[PDB]
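Below is one structure, written out as structure tokens; the observations come after it.
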Amino acid sequence: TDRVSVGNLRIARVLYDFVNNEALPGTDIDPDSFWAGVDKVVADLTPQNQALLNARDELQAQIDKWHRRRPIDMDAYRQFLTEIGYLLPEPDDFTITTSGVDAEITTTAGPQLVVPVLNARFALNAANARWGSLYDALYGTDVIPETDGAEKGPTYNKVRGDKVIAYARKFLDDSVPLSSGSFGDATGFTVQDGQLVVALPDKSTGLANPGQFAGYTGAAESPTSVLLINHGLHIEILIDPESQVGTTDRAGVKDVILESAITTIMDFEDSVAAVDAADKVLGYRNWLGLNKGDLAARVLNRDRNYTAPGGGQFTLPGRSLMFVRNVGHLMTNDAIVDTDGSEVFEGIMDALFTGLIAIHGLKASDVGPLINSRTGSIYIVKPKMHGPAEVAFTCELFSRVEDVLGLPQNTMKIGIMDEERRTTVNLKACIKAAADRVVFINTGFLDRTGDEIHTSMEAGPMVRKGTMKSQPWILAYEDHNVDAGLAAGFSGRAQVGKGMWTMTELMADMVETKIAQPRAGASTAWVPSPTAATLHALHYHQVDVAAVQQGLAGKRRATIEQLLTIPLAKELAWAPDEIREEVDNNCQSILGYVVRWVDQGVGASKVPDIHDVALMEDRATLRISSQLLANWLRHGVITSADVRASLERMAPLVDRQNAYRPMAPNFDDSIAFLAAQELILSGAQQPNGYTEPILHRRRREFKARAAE
Ligand SMILES: O=C(O)/C(O)=C/C(=O)c1ccc2[nH]ccc2c1
Ligand SMILES: [Mg+2]
């Protein structure tokens with residue numbers, strides 16, 4: 001049909017054509033030595049991949065047994081885990097040796113953006129979100145309360161605009177402070193002899209710390225803009241009295257631009273639905289556009305030029321340093337199949353194909369104008385790993401792709417996600433396994449909750465979904481992550497990252513609460529939009545991360561006993577109503593996500609919950625919900641009759657909460673509905689509670705039954 005024959009591999013034509021005509025040219029790599037390398041690498045590495053997945057299952061079953069066979073004694077649970085190799089011994093202290101890393105990762109602290117790579121429009125904006133308007137972000141979201149007078153209507157509201165402006169002025173004061181006065185009384189900006197002087201109504205002043213003055217545009221007397229700096233992040237004041245917002249401003253300021261999303265993660269994993277070669281080629285084509293510099297729908301902003309505080313003409317990068325998030329070790333994709341017809345490990349494929357593609361990010365001009373890494377590294381996030389032997393295996397896999405691609409060893413750097421229990425209680429061993437390729441560690445708290453629930457499925461009922469964020473195990477897990485990174489010398493070398501803020505409409509809540517992440521010494525945290533990146537940039541001007549990290553070293557705040565504390569609910573924990581509610585809540589979350597996945601191949605979007613509070617979540621949330629319900633089922637809390645009633649109930653609301661095809665009132669005809677049912681009912685049987693097998697299968701079912 002459409003398969004090409006390369007050795008033991010039968011590649012899909014769409015993939016074979018794309019790689020040949022689009023990816024390879026300019027890579028200075030013979031289009032034949034490559035595919036041989038694909039064939040070799042697949043053949044040689046497929047064993048160990050399959051052996052590691054078997055290890056997971058073997059381990060999972062011993063744990064299922066120990067709980068079935070009955071209290072809960074911590075010291076016993078701990079000895080058992082050690083006995084089974086689950087809980088490996090902790091290595092001697094060390095320091096990572098990664099090099100060739102850009103400043104956005106080794107040094108800068110600031111928000112990290114995650115965008116689905118199959119959406120070029122999102123992917124463009126995310127790349128362009130290195131710089132963002134603070135007026136926009138304040139005006140458009142509820143950071144400035146829509147009280148009275150300040151309501152946000154079809155036209156621009158001057159009262160609301162004044163409210164934004166005051167917010168930004170107060171921000172300026174608390175970031176680049178004046179030696180005397182306050183930006184809110186300022187009337188003009190000039191640069192005179194390399195210093196910056198702010199025209200106050202009664203006098204003039206400079207910055208308290210004059211070094212925070214980074215540059216400017218336009219003539220030094222009537223500057224177009226003035227560039228500030230705090231905590232290694234740039235602030236830009238756009239000056240134009242001629243403008244709309246300009247005339248109303250006491251110093252004629254049009255805007256304040258913040259350096260926001262310092263890095264972005266282009267995603268092939270949980271934020272996309274890609275079940276075939278057709279799907280993977282789209283994301284591949286976009287990642288290529290991104291690496292060349294020519295992705296268009298609206299284009300990638302080019303770099304920003306400035307005048308240094310004297311006369312020199314420097315430049316700043318206009319884009320976010322891009323990572324790519326490959327899929328993990330579990331799934332296979334039929335984009336490539338062997339002679340017997342077995343599907344090829346998608347993880348190995350992603351390494352070969354995202355690595356190849358990223359070579360363009362390394363070179364400018366002719367067959368792309370734009371450069372990702374200034375230092376010659378390729379940044380890859382590797383999710384869903386369980387233990388140091390799976391980290392090691394990812395090293396080796398990268399070592400081999402490099403050989404195939406002809407890059408120096410250690411080019412491809414790894415972004416380690418701490419989002420599986422077996423990784424968590426062995427994190428030091430995971431970092432040691434990747435000591436010379438590791439550019440971050442990051443707490444993937446949602447997936448981590450999923451694994452947490454599935455690992456102890458046979459122990460008893462779990463606490464509700466909302467109760468998880470406050471649990472002893474997850475607070476220990478968050479801190480433990482930071483101690484290990486800092487111990488291994490991440491400060492000034494690698495990022496130390498935290499999770500995603502899914503409540504996309506609740507920005508005031510984000511601005512008030514997300515500050516805790518850098519306060520815990522994390523040099524980066526995840527946001528789901530360019531706007532939330534700008535707002536989360538504020539926290540880094542408020543919190544000196546370098547120092548928090550500095551005064552956290554040497555400390556150990558988690559014990560293994562705290563990590564291993566299973567989030568079990570106590571006896572008589574819940575009234576009948578709180579259960580019905582939690583059931584309805586998970587069924588609506590599962591329904592509204594799965595329906596967009598199977599029917600439209602959307603892996604991440606703005607989906608309203610039960611109360612229409614819009615949440616932008618991905619498969620990790622689904623993994624939590626479906627595993628939670630599955631767990632309550634397994635342990636008596638609810639029945640099978642209950643699940644169906646809830647699904648049946650929530651379905652028509654999801655339909656009304658949404659091109660779209662309604663699941664109600666015809667339930668066993670919607671493949672999506674049958675998927676959401678399967679996810680819950682087959683939940684305990686899924687390997688590690690993983691949601692992709694069912695999802696992939698059911699999406700492919702939808703694709704087929706729609707061709708005619
Ligand atoms: O915690 C995890 O397991 C994790 O890796 C997070 C995510 O991947 C994630 C979550 C929600 C999102 N909304 C938009 C994008 C997005 C991404
Ligand atoms: Mg995850």
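Residues in the structure tokens are numbered from 1 in each chain, the chains being A, B, ... in the order shown, and ligands are numbered from 1 in the order shown.
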
Produce as a ChimeraX atom specification the set of residues near ligand 1, where near means within 7 Å with only C-alpha atoms and all ligand atoms considered. /A:114-115,270-271,419,443-448,499-500,502,528,604,616-618,620

Now that the selection is made, can you save its residues with N, CA, C and O atoms as a compact mmCIF listing (two decimals), in the first residue's frame?
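Output saved as part_0.txt:
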# COMPACT_ATOMS: atom_id res chain seq x y z
N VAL A 114 4.50 25.28 27.77
CA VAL A 114 4.28 24.00 27.09
C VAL A 114 3.14 24.11 26.10
O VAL A 114 2.03 24.43 26.46
N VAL A 115 3.43 23.83 24.84
CA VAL A 115 2.47 23.99 23.76
C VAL A 115 2.44 22.72 22.90
O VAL A 115 3.46 22.07 22.73
N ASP A 270 1.68 14.37 26.00
CA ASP A 270 0.32 14.42 26.55
C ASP A 270 -0.60 15.54 26.06
O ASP A 270 -1.80 15.47 26.27
N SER A 271 -0.06 16.55 25.39
CA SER A 271 -0.90 17.61 24.86
C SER A 271 -1.31 17.43 23.39
O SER A 271 -1.95 18.32 22.80
N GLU A 419 8.03 12.23 37.44
CA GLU A 419 6.58 12.11 37.41
C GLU A 419 6.15 10.67 37.53
O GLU A 419 5.01 10.32 37.19
N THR A 443 8.97 18.44 38.30
CA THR A 443 7.94 17.65 38.93
C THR A 443 6.67 17.63 38.09
O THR A 443 5.93 18.61 38.03
N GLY A 444 6.41 16.50 37.45
CA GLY A 444 5.17 16.36 36.70
C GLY A 444 4.09 15.83 37.61
O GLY A 444 3.80 14.63 37.60
N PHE A 445 3.48 16.74 38.39
CA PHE A 445 2.73 16.32 39.57
C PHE A 445 1.46 15.56 39.24
O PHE A 445 1.05 14.66 39.99
N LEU A 446 0.85 15.88 38.11
CA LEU A 446 -0.34 15.16 37.68
C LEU A 446 -0.06 13.68 37.31
O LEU A 446 -0.72 12.77 37.81
N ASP A 447 0.92 13.44 36.44
CA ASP A 447 1.28 12.07 36.10
C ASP A 447 1.69 11.37 37.37
O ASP A 447 1.31 10.21 37.61
N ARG A 448 2.44 12.09 38.20
CA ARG A 448 2.98 11.58 39.46
C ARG A 448 1.88 11.12 40.41
O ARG A 448 2.04 10.14 41.15
N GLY A 499 5.33 22.24 38.32
CA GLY A 499 4.23 21.88 37.45
C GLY A 499 3.37 22.97 36.86
O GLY A 499 3.66 24.15 36.95
N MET A 500 2.27 22.54 36.26
CA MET A 500 1.46 23.38 35.41
C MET A 500 0.29 23.98 36.16
O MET A 500 -0.30 23.34 37.02
N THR A 502 -3.31 24.86 35.60
CA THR A 502 -4.32 24.52 34.60
C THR A 502 -5.51 25.46 34.57
O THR A 502 -6.21 25.54 33.57
N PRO A 528 0.50 27.52 30.55
CA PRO A 528 -0.16 27.00 29.35
C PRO A 528 -0.54 28.07 28.34
O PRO A 528 -1.36 27.81 27.45
N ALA A 604 -5.18 18.80 23.96
CA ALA A 604 -5.13 19.83 24.98
C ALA A 604 -5.87 21.06 24.48
O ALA A 604 -5.56 21.59 23.42
N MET A 616 -7.34 24.04 31.26
CA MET A 616 -6.54 23.55 30.16
C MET A 616 -5.62 22.46 30.66
O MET A 616 -4.50 22.73 31.09
N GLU A 617 -6.10 21.22 30.62
CA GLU A 617 -5.31 20.08 31.06
C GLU A 617 -5.04 19.06 29.93
O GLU A 617 -5.52 19.25 28.80
N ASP A 618 -4.28 18.00 30.24
CA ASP A 618 -3.93 16.98 29.23
C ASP A 618 -4.17 15.55 29.72
O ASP A 618 -4.95 15.33 30.65
N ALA A 620 -2.52 13.61 31.55
CA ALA A 620 -2.13 13.32 32.92
C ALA A 620 -3.33 13.46 33.85
O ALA A 620 -3.52 12.66 34.78

Write out as a tab-separated table a residue-level contact list of region 405-446 of chain A versus region 541-563 of chain A with cut-off 9 Å: for each qualifying residue the closest pair of atoms and the distance in Å to one decimal, counting only C-alpha atoms, rows sorted by chain and residue number upward.
residue	atom	partner	partner_atom	distance
A:421	CA	A:563	CA	8.7
A:424	CA	A:563	CA	8.2
A:425	CA	A:560	CA	7.0

Show me, as CSV, the residues of region 10-81 of chain A having an atom within 10 Å of region 380-394 of chain A, each with the closest atom pair and its distance in Å, using only C-alpha atoms.
residue,atom,partner,partner_atom,distance
A:45,CA,A:393,CA,8.9
A:48,CA,A:393,CA,7.8
A:49,CA,A:393,CA,7.8
A:52,CA,A:390,CA,7.0
A:53,CA,A:386,CA,9.3
A:55,CA,A:386,CA,9.7
A:56,CA,A:386,CA,7.7

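Remark: for residue 703 (chain A), the closest of the candidate residues A:599, A:338, A:162, A:221 is A:599 (distances computed over only C-alpha atoms).
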
Which residues are close to residue 437 (chain A), i.e. within 9 Å by only C-alpha atoms, leaving aside same-chain residues fewer than 3 positions away? Reply as an MDAnalysis selection string. chainID A and resid 96:99 395 410:415 434

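Minimum distance to ligand 2 across A:80, A:690, A:314, A:490 (counting only C-alpha atoms and all ligand atoms) occurs at A:690.
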
Run DSSP on the backbone and grab whatever in region 251-382 of chain A lands in strand (DSSP E or B); send it over as a PyMOL selection string. chain A and resi 253-259+263-267+272+304-305+307+315-316+321-325+332-338+343-345+378-382

Using only C-alpha atoms, determine which residues lie at most 8 Å from residue 565 (chain A), disregarding the query and same-chain residues fewer than 6 positions distant; provide the list as an MDAnalysis selection string. chainID A and resid 74 472:473

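Within region 229-319 of chain A, DSSP applied to the backbone places the following residues in alpha helix (DSSP H): residues 244, 245, 246, 247, 277, 278, 279, 280, 281, 282, 283, 284, 285, 286, 287, 288, 289, 290, 291 and 292 of chain A.
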
Restricting the output to N, CA and C atoms, write the selected residues as an mmCIF file, in the first residue's frame.
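Saved the output as selection-v8.cif:
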data_model
loop_
_atom_site.group_PDB
_atom_site.id
_atom_site.type_symbol
_atom_site.label_atom_id
_atom_site.label_comp_id
_atom_site.auth_asym_id
_atom_site.auth_seq_id
_atom_site.Cartn_x
_atom_site.Cartn_y
_atom_site.Cartn_z
ATOM 1 N N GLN A 244 -2.604 55.836 21.646
ATOM 2 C CA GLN A 244 -3.867 55.800 22.373
ATOM 3 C C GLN A 244 -3.655 55.826 23.885
ATOM 4 N N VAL A 245 -3.045 54.768 24.410
ATOM 5 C CA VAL A 245 -2.752 54.663 25.834
ATOM 6 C C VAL A 245 -1.711 55.715 26.211
ATOM 7 N N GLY A 246 -0.912 56.125 25.228
ATOM 8 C CA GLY A 246 0.173 57.065 25.439
ATOM 9 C C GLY A 246 -0.240 58.424 25.958
ATOM 10 N N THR A 247 -1.180 59.070 25.275
ATOM 11 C CA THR A 247 -1.657 60.395 25.678
ATOM 12 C C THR A 247 -2.186 60.430 27.111
ATOM 13 N N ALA A 277 0.938 7.702 11.321
ATOM 14 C CA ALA A 277 2.041 8.342 10.625
ATOM 15 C C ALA A 277 1.597 9.689 10.082
ATOM 16 N N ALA A 278 0.335 9.762 9.682
ATOM 17 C CA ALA A 278 -0.260 11.013 9.252
ATOM 18 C C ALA A 278 -0.122 12.066 10.345
ATOM 19 N N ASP A 279 -0.505 11.688 11.563
ATOM 20 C CA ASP A 279 -0.496 12.592 12.709
ATOM 21 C C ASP A 279 0.913 13.034 13.091
ATOM 22 N N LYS A 280 1.830 12.074 13.160
ATOM 23 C CA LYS A 280 3.214 12.332 13.526
ATOM 24 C C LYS A 280 3.931 13.193 12.505
ATOM 25 N N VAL A 281 3.570 13.054 11.232
ATOM 26 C CA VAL A 281 4.189 13.872 10.190
ATOM 27 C C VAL A 281 3.854 15.363 10.348
ATOM 28 N N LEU A 282 2.616 15.663 10.750
ATOM 29 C CA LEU A 282 2.173 17.040 10.977
ATOM 30 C C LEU A 282 3.023 17.726 12.042
ATOM 31 N N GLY A 283 3.094 17.104 13.218
ATOM 32 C CA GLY A 283 3.949 17.587 14.285
ATOM 33 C C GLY A 283 5.404 17.664 13.861
ATOM 34 N N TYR A 284 5.881 16.647 13.141
ATOM 35 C CA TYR A 284 7.231 16.681 12.581
ATOM 36 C C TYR A 284 7.412 17.869 11.649
ATOM 37 N N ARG A 285 6.425 18.131 10.805
ATOM 38 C CA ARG A 285 6.579 19.252 9.894
ATOM 39 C C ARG A 285 6.642 20.581 10.634
ATOM 40 N N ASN A 286 5.867 20.703 11.705
ATOM 41 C CA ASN A 286 5.857 21.918 12.505
ATOM 42 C C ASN A 286 7.170 22.130 13.276
ATOM 43 N N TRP A 287 7.687 21.055 13.847
ATOM 44 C CA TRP A 287 8.940 21.112 14.575
ATOM 45 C C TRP A 287 10.085 21.510 13.638
ATOM 46 N N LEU A 288 9.982 21.102 12.372
ATOM 47 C CA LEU A 288 10.951 21.493 11.345
ATOM 48 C C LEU A 288 10.857 22.983 11.031
ATOM 49 N N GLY A 289 9.646 23.453 10.741
ATOM 50 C CA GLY A 289 9.383 24.870 10.568
ATOM 51 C C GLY A 289 9.975 25.686 11.695
ATOM 52 N N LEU A 290 9.759 25.228 12.925
ATOM 53 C CA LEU A 290 10.271 25.894 14.116
ATOM 54 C C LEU A 290 11.783 25.907 14.144
ATOM 55 N N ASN A 291 12.391 24.803 13.719
ATOM 56 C CA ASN A 291 13.847 24.711 13.760
ATOM 57 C C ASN A 291 14.517 25.432 12.608
ATOM 58 N N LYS A 292 13.828 25.516 11.481
ATOM 59 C CA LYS A 292 14.324 26.295 10.360
ATOM 60 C C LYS A 292 14.154 27.778 10.626
#

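Excluding residue 242 (chain A) itself and any same-chain residue fewer than 5 positions from it, the protein and nucleic acid residues within 12 Å of it, counting only C-alpha atoms, are residues 224, 247, 248, 249, 251, 252, 253 and 254 of chain A.
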
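Relative to CA of residue 44 (chain A), CA of residue 407 (chain A) is found at 19.7 Å.
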